[PDB]
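Numbered from 1 within each chain, the chains take letters A, B, ... in sequence-line order. Counting convention: from 1, in listed order, for ligands and their atoms alike. Values below: every heavy atom of this structure, side chains too, minus hydrogens, waters and symmetry copies.
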Amino acid sequence: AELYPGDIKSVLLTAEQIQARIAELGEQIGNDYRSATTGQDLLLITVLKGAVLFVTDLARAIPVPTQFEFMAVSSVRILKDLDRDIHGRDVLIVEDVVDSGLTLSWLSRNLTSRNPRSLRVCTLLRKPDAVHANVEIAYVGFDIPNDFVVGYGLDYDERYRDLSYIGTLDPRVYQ
Amino acid sequence: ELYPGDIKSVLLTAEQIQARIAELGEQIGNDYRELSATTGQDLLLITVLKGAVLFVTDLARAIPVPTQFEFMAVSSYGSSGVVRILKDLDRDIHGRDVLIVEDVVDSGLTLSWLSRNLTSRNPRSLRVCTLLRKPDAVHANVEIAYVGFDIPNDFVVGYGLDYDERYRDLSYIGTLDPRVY
Amino acid sequence: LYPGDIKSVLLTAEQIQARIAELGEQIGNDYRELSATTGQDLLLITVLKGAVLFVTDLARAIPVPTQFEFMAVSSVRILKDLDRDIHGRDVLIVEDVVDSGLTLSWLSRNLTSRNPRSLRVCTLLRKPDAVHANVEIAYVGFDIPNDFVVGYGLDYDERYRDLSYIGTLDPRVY
Amino acid sequence: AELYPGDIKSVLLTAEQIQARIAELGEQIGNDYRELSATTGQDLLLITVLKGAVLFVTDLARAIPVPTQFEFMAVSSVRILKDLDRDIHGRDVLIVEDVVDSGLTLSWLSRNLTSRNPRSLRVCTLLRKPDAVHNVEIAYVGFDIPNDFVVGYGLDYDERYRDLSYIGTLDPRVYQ
Ligand SMILES: Nc1nc2c(ncn2CCN(CCN(CC=O)CCP(=O)(O)O)CCP(=O)(O)O)c(=O)[nH]1
Ligand SMILES: Nc1nc2c(ncn2CCN(CCN(CC=O)CCP(=O)(O)O)CCP(=O)(O)O)c(=O)[nH]1
Ligand SMILES: Nc1nc2c(ncn2CCN(CCN(CC=O)CCP(=O)(O)O)CCP(=O)(O)O)c(=O)[nH]1
Ligand SMILES: Nc1nc2c(ncn2CCN(CCN(CC=O)CCP(=O)(O)O)CCP(=O)(O)O)c(=O)[nH]1
Ligand SMILES: [Mg+2]
Ligand SMILES: [Mg+2]
Ligand SMILES: [Mg+2]
Ligand SMILES: [Mg+2]
Ligand SMILES: [Mg+2]
Ligand SMILES: [Mg+2]
Ligand SMILES: [Mg+2]
Ligand SMILES: [Mg+2]
């Protein structure tokens, strides 16, 4: 039975497909960061709110010790900063989607100014307009078309985040 | 294994946690079955960072009614300073039906402060769902509608629970080797 | 420059005034239409000496007429009693800190036996034992940990009451 | 936005006028007691006369840069209603009043407290009326005001208007 009956037009990524890719990502990320030298765990900086489901599944798929951080930014200003000093830490930005790349471009500049040991980016979704941006993304879950999607953290007006899958919305929803 | 030697024993396995959460989700779903149809708004989950993050993402997926995510963080009783909001809610909860989602209730001091703070914002309803509950919570004064597990007083880590920010990423909940703590 | 026995600042002057403004406006909304009905002003009962700074700033933040009364109790007996009868009056007990809840419990019992129309409590600070004991308090400025604090009416052996801020006393003296 | 709509006819002293003057008094009192208090190692005792001087003393004490302590007294209209909980022998004591008018309250209280033999006694009043500019030396005077009856900032009419942040005169209809 549909959680939001009639609201989802079509499925883009099943729950099974999402988890399988996250398993792959975690192993790849674990490979690249395999704390024995530095003595400090990989730092996952989650961009609230869309990336919260992604990061909890991803962290459990990463076979090395990881720590959680949470940020929230607007459409350039910080609503919610780090409770952490990332100086000398290995940092991984965890996003749900990169579209224009504006959020990432801003977040990359902010975090790198705090002088971390390293900074990399992991996003679940990447849309075609990200081509025009210039911040390297080491880890990408899926490349998708330009359409507006919801589910698995992705919202429309704070709704549909709780979906286990990702899909597009019926036009009637925006009304 | 993630932390070789650090974990002494496993209190709750990954499957046991997920199985219980599925039970909780269904129970909560039944209690709020008509919420979206009656009020026109979804059940609001207020997650207390950072310990409850893993819990709430699994819980929300286990709840068969529409749920909305909000997150907040409060300071510690420990000189930790006055009890205060470190990270505030994004949306207004006025007239909303709210479920406080916690990882563990122990002394009940955090929940008491949270309950008073959120109540003053006048939600339609306010209830509590915690994954773990310790024996000292019996002296606490805030009603808890949903509890995953009652556990002993021993210090545990995993599935959101930390020791100095470590061990949150474990899929299970376990006790720590005294060499650490 | 801070006095030597001040370890750290728990609450700055600005933080205190900011919260008092919130409490003042809240108290005003709670008693505005009520006071207009009875024709009598809201009565503030100050517990000397700790709550004296708190009550003068609070009263000036409360947008409805308020009257002052002062009481002083021991650590059992009444050192200073009320100057007027509070029968049928709306009374707000004003304290600096509620800890064990012992003082508030005794005062409430003593004041309710004078039959005021309403008897409510406003404290600037509250320590965890008051939370455990589930002490009913209508207005609370701040929840604080068990650490001994001075300033803004709060004292250590009658000292430091005149500080504009609330600071954590250096554990090297208490 | 008036606390007492129509009751206040005029404003004699604004809130910022009172606070500006208190800041000056606190700085003056501080300079006069700085080296003086360090010799004894004991704080200056502020003896407050209830209830009118309560607003004043809380702002004044915060304006005084040297350490101070609070005491409170209540007298009739002369006997003691609330007495000192404390012996002030050898202490430096500053009487804090809201207004000195006839001077009879201050005169009686000054001799009563000197009979407890403090190391030094001084008087500080926020307001002084013309017949008080004349028994007791007042080292610190906030304002010299006319004889007119005023309320606010601790000053009451029938226990009302104490909570006003300013000092002003009442409309004659209030006396009905
Ligand atoms: N739900 C959804 N959101 C979409 C989509 N495309 C872009 N976005 C906007 C995602 N974000 C919105 C940023 N926004 C505030 C910044 O953190 C997200 C807050 P949220 O995760 O709580 O929804 C823009 C990425 P970019 O354009 O800067 O690269 C989409 O298909 N679905
Ligand atoms: N990791 C861990 N933490 C434990 C445990 N028992 C109590 N706690 C303290 C959990 N909490 C700590 C509160 N603390 C700040 C409040 O949000 C948690 C922040 P965190 O979730 O980021 O770790 C106390 C609950 P209470 O005593 O007020 O009812 C335990 O066995 N393991
Ligand atoms: N200065 C200071 N005092 C503290 C503190 N914690 C408890 N107390 C003692 C508070 N006591 C004060 C009682 N005692 C006589 C009653 O008015 C204080 C007189 P005072 O205000 O003139 O200093 C009551 C708290 P409770 O346990 O009865 O609820 C603290 O951190 N600082
Ligand atoms: N509210 C008000 N009161 C005024 C005024 N002028 C003299 N007073 C009388 C002030 N006091 C009244 C004394 N009275 C009892 C003694 O403490 C004041 C009690 P209170 O502060 O609670 O109102 C007389 C000073 P004096 O004539 O002996 O030098 C005035 O303009 N407004
Ligand atoms: Mg995002
Ligand atoms: Mg969004
Ligand atoms: Mg918690
Ligand atoms: Mg913790
Ligand atoms: Mg007190
Ligand atoms: Mg005391
Ligand atoms: Mg007087
Ligand atoms: Mg009078």
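At the top of the distance list for atom 7 (C) of ligand 4, counting protein heavy atoms only, stands D:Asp101 OD2, 3.5 Å. For atom 5 (C) of ligand 4, the closest heavy atom belonging to the protein is D:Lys129 NZ, 3.6 Å. Considering only non-hydrogen protein atoms, atom 3 (N) of ligand 4 sits nearest to D:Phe149 CE1, 3.8 Å. Nearest protein heavy-atom neighbour of atom 20 (P) of ligand 4: D:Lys51 N, 3.5 Å.
Residue A:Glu158: no N/O/S atom is found under 2.8 Å from the Mg ion (ligand 6).
If you look at C:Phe70 and D:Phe72, their ring centroids are not closer than 6.0 Å.
Taken from CG in D:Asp156 to CZ in D:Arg162, the straight-line distance is 3.5 Å, to the nearest 0.5 Å.
Nearest-heavy-atom check against atom 25 (C) of ligand 4 across D:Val150, D:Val99, D:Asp98, D:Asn135 picks out D:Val99.
Counting protein heavy atoms under 4.0 angstrom from atom 12 (C) of ligand 4 gives zero. In this structure, atom 17 (O) of ligand 4 has protein heavy atoms in its sub-4.0 angstrom surroundings.
Heavy atoms of D:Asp148 come nearer than 4.0 angstrom to ligand 4 in at least one pair.
Here is the list of ligand 4 atoms found below 4.0 Å of a heavy atom in D:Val75: 15 (C), 16 (C), 17 (O).
Of the possible polar contacts, one joining the A:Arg109 side chain to the A:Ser105 backbone as a donor-acceptor pair under 3.5 Å is found. For the pair C:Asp41 (side chain) and C:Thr66 (backbone), a donor-acceptor distance under 3.5 Å is absent.
Side-chain contact of A:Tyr4 with A:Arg159: a donor-acceptor pair under 3.5 Å is absent, judged by distance alone. Side-chain contact, D:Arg86 with D:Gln69: a donor N or O sits under 3.5 Å from an acceptor N or O.
The atom of A:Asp96 nearest to the Mg ion (ligand 5) is OD1, with the search restricted to N, O or S atoms.
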